[PDB]
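The next block is model28.txt, given as compact mmCIF, C-alpha atoms.
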# COMPACT_ATOMS: atom_id res chain seq x y z
CA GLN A 55 -18.75 12.57 5.64
CA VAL A 56 -17.62 14.60 2.58
CA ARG A 57 -14.22 15.53 4.11
CA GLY A 58 -13.85 11.97 5.47
CA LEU A 59 -14.82 10.32 2.14
CA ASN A 60 -12.39 12.66 0.32
CA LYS A 61 -9.57 11.39 2.62
CA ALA A 62 -10.80 7.84 2.10
CA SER A 63 -10.35 8.51 -1.67
CA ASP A 64 -6.86 9.92 -0.91
CA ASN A 65 -6.03 6.75 1.07
CA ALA A 66 -7.46 4.38 -1.56
CA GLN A 67 -5.44 6.38 -4.10
CA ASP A 68 -2.34 6.00 -1.84
CA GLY A 69 -3.26 2.30 -1.64
CA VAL A 70 -3.21 2.06 -5.46
CA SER A 71 -0.06 4.25 -5.58
CA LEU A 72 1.76 1.88 -3.15
CA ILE A 73 0.38 -1.32 -4.80
CA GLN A 74 1.77 -0.33 -8.20
CA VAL A 75 5.28 -0.11 -6.68
CA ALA A 76 4.96 -3.66 -5.30
CA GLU A 77 3.43 -5.22 -8.46
CA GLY A 78 5.85 -3.10 -10.57
CA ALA A 79 8.86 -4.39 -8.54
CA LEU A 80 7.64 -7.99 -8.96
CA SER A 81 7.64 -7.47 -12.74
CA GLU A 82 11.46 -7.44 -12.50
CA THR A 83 11.38 -10.48 -10.20
CA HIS A 84 9.47 -12.17 -13.06
CA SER A 85 11.85 -10.87 -15.73
CA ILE A 86 14.78 -12.22 -13.70
CA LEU A 87 12.99 -15.59 -13.12
CA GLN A 88 12.30 -16.03 -16.87
CA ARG A 89 16.08 -15.52 -17.33
CA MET A 90 16.91 -17.88 -14.41
CA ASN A 91 14.75 -20.70 -15.87
CA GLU A 92 16.31 -20.10 -19.32
CA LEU A 93 19.84 -20.25 -17.81
CA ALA A 94 18.94 -23.29 -15.65
CA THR A 95 17.76 -25.10 -18.83
CA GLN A 96 21.08 -24.33 -20.58
CA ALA A 97 23.13 -25.88 -17.76
CA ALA A 98 20.71 -28.85 -17.70
CA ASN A 99 22.12 -30.01 -21.05
CA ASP A 100 25.04 -32.50 -20.70
CA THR A 101 26.99 -31.20 -23.74
CA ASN A 102 28.36 -28.64 -21.18
CA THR A 103 31.59 -29.12 -19.20
CA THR A 104 32.05 -27.67 -15.66
CA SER A 105 33.91 -24.63 -17.17
CA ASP A 106 30.70 -23.93 -19.15
CA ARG A 107 28.28 -24.50 -16.19
CA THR A 108 30.17 -22.03 -13.98
CA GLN B 55 -45.03 47.51 33.37
CA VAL B 56 -43.93 49.51 30.26
CA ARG B 57 -40.56 50.48 31.81
CA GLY B 58 -40.05 46.92 33.10
CA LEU B 59 -41.06 45.27 29.75
CA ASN B 60 -38.54 47.54 27.97
CA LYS B 61 -35.79 46.28 30.34
CA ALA B 62 -37.12 42.73 29.73
CA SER B 63 -36.77 43.32 25.95
CA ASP B 64 -33.28 44.83 26.53
CA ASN B 65 -32.36 41.78 28.69
CA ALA B 66 -33.76 39.30 26.13
CA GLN B 67 -31.59 41.06 23.51
CA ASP B 68 -28.66 41.05 25.97
CA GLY B 69 -29.44 37.28 26.09
CA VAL B 70 -29.56 36.80 22.27
CA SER B 71 -26.35 38.83 22.05
CA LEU B 72 -24.56 36.64 24.63
CA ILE B 73 -25.84 33.45 22.94
CA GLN B 74 -24.41 34.56 19.58
CA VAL B 75 -20.91 34.88 21.12
CA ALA B 76 -21.10 31.27 22.42
CA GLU B 77 -22.74 29.90 19.26
CA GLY B 78 -20.22 31.67 16.99
CA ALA B 79 -17.30 30.27 19.04
CA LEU B 80 -18.55 26.69 18.70
CA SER B 81 -18.65 27.38 14.95
CA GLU B 82 -14.84 27.34 15.05
CA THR B 83 -14.90 24.36 17.42
CA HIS B 84 -16.77 22.60 14.60
CA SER B 85 -14.28 23.84 12.03
CA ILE B 86 -11.38 22.61 14.20
CA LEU B 87 -13.14 19.22 14.68
CA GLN B 88 -13.94 18.85 10.97
CA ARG B 89 -10.14 19.26 10.51
CA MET B 90 -9.24 16.81 13.36
CA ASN B 91 -11.57 14.16 11.85
CA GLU B 92 -10.02 14.65 8.37
CA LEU B 93 -6.50 14.54 9.87
CA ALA B 94 -7.34 11.39 11.85
CA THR B 95 -8.87 9.70 8.74
CA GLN B 96 -5.65 10.44 6.81
CA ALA B 97 -3.32 9.22 9.61
CA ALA B 98 -5.33 5.99 10.02
CA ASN B 99 -4.14 4.57 6.70
CA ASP B 100 -1.12 2.20 7.24
CA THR B 101 0.53 3.47 4.03
CA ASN B 102 1.72 6.29 6.41
CA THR B 103 5.18 5.74 7.93
CA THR B 104 5.91 6.77 11.56
CA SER B 105 7.36 10.28 10.79
CA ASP B 106 4.30 11.10 8.68
CA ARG B 107 1.87 10.25 11.55
CA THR B 108 3.84 12.34 14.05

Any chance you could put this one into structure tokens?
Amino acid sequence: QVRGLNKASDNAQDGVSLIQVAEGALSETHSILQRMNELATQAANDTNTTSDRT
Amino acid sequence: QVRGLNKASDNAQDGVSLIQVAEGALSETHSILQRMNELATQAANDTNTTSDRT
């Protein structure tokens, strides 16, 4: 039990160590999507010509 | 009886002495199995990739 619980703590700690990479990668998906919404709202205005929406 | 009881004591000690060799070998069977259980607990976690379970 002690050896097995200590590897369960190692695997929960690996679980946390992995999870942070996924929720830390999705932080840049968010920081892109804030920029995509902000760009999409700029091109939504009809003062722009097609030269300025490309 | 005295001569025979002294061989019976010598044979009961020759029995204890044999038993200790078996008992003290299974002490490393435990220590190998405590390691196989800890290794198996670690390899069970699906944060391990294939190379790291082989």

Given identical sequences, can you show me chain A least-squares superposed on chain B via all its Cα atoms in order, as a tab-separated table (two decimals) with C-alpha atoms, in the coordinates of the input?
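Listed below is the output, part.tsv:
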chain	number	residue	atom	x	y	z
A	55	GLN	CA	-44.97	47.48	33.31
A	56	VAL	CA	-43.83	49.51	30.25
A	57	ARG	CA	-40.43	50.42	31.79
A	58	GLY	CA	-40.07	46.86	33.14
A	59	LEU	CA	-41.05	45.22	29.81
A	60	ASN	CA	-38.61	47.55	28.00
A	61	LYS	CA	-35.79	46.27	30.30
A	62	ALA	CA	-37.04	42.72	29.77
A	63	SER	CA	-36.58	43.39	26.00
A	64	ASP	CA	-33.09	44.79	26.77
A	65	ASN	CA	-32.27	41.62	28.75
A	66	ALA	CA	-33.71	39.25	26.11
A	67	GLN	CA	-31.68	41.25	23.58
A	68	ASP	CA	-28.58	40.85	25.84
A	69	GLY	CA	-29.51	37.16	26.04
A	70	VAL	CA	-29.46	36.92	22.22
A	71	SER	CA	-26.30	39.10	22.10
A	72	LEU	CA	-24.49	36.72	24.53
A	73	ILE	CA	-25.88	33.53	22.88
A	74	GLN	CA	-24.49	34.51	19.48
A	75	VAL	CA	-20.98	34.72	21.00
A	76	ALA	CA	-21.31	31.17	22.38
A	77	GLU	CA	-22.84	29.62	19.22
A	78	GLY	CA	-20.41	31.73	17.11
A	79	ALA	CA	-17.41	30.43	19.14
A	80	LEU	CA	-18.64	26.83	18.72
A	81	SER	CA	-18.64	27.36	14.94
A	82	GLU	CA	-14.82	27.37	15.18
A	83	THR	CA	-14.91	24.33	17.48
A	84	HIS	CA	-16.83	22.65	14.62
A	85	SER	CA	-14.44	23.94	11.95
A	86	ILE	CA	-11.51	22.58	13.98
A	87	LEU	CA	-13.32	19.22	14.56
A	88	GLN	CA	-14.01	18.78	10.80
A	89	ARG	CA	-10.22	19.28	10.35
A	90	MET	CA	-9.40	16.91	13.27
A	91	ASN	CA	-11.57	14.10	11.80
A	92	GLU	CA	-10.01	14.70	8.36
A	93	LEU	CA	-6.48	14.54	9.87
A	94	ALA	CA	-7.39	11.50	12.02
A	95	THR	CA	-8.58	9.70	8.84
A	96	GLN	CA	-5.25	10.46	7.10
A	97	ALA	CA	-3.21	8.89	9.92
A	98	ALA	CA	-5.64	5.93	9.97
A	99	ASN	CA	-4.23	4.77	6.62
A	100	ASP	CA	-1.32	2.27	6.97
A	101	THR	CA	0.64	3.57	3.94
A	102	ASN	CA	2.01	6.12	6.50
A	103	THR	CA	5.24	5.62	8.48
A	104	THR	CA	5.70	7.07	12.02
A	105	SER	CA	7.57	10.10	10.52
A	106	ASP	CA	4.37	10.82	8.54
A	107	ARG	CA	1.94	10.25	11.49
A	108	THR	CA	3.84	12.71	13.71

Please report, as a Markdown table, each residue of chain B lying at most 10 Å from chain A, together with the nearest pair of atoms and the separation in Å rounded to one decimal; use only C-alpha atoms, and order rows by chain and ascending residue number.
| residue | atom | partner | partner_atom | distance |
| --- | --- | --- | --- | --- |
| B:88 | CA | A:57 | CA | 7.6 |
| B:89 | CA | A:57 | CA | 8.5 |
| B:91 | CA | A:58 | CA | 7.1 |
| B:92 | CA | A:58 | CA | 5.5 |
| B:93 | CA | A:61 | CA | 8.5 |
| B:94 | CA | A:58 | CA | 9.1 |
| B:95 | CA | A:58 | CA | 6.4 |
| B:96 | CA | A:61 | CA | 5.8 |
| B:97 | CA | A:65 | CA | 9.3 |
| B:98 | CA | A:65 | CA | 9.0 |
| B:99 | CA | A:65 | CA | 6.3 |
| B:100 | CA | A:65 | CA | 9.1 |
| B:101 | CA | A:69 | CA | 6.9 |
| B:102 | CA | A:68 | CA | 9.2 |

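Taking atom CA of residue 86 of chain A and atom CA of residue 105 of chain A as the two end points, the separation is 23.1 Å.
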
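Taking atom CA of residue 81 of chain A and atom CA of residue 108 of chain A as the two end points, the separation is 26.9 Å.
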
What gap, in Å, lies between atom CA of residue 90 of chain B and atom CA of residue 107 of chain B? 13.0 Å

Box for segment 55-61 of chain B: with edges along x, y and z, all listed atoms inside and 6 Å added on each side, what are the centre and edge lengths in Å to one decimal, as lines of an AutoDock Vina configuration file?
center_x = -40.4
center_y = 47.9
center_z = 30.7
size_x = 21.2
size_y = 17.2
size_z = 17.4
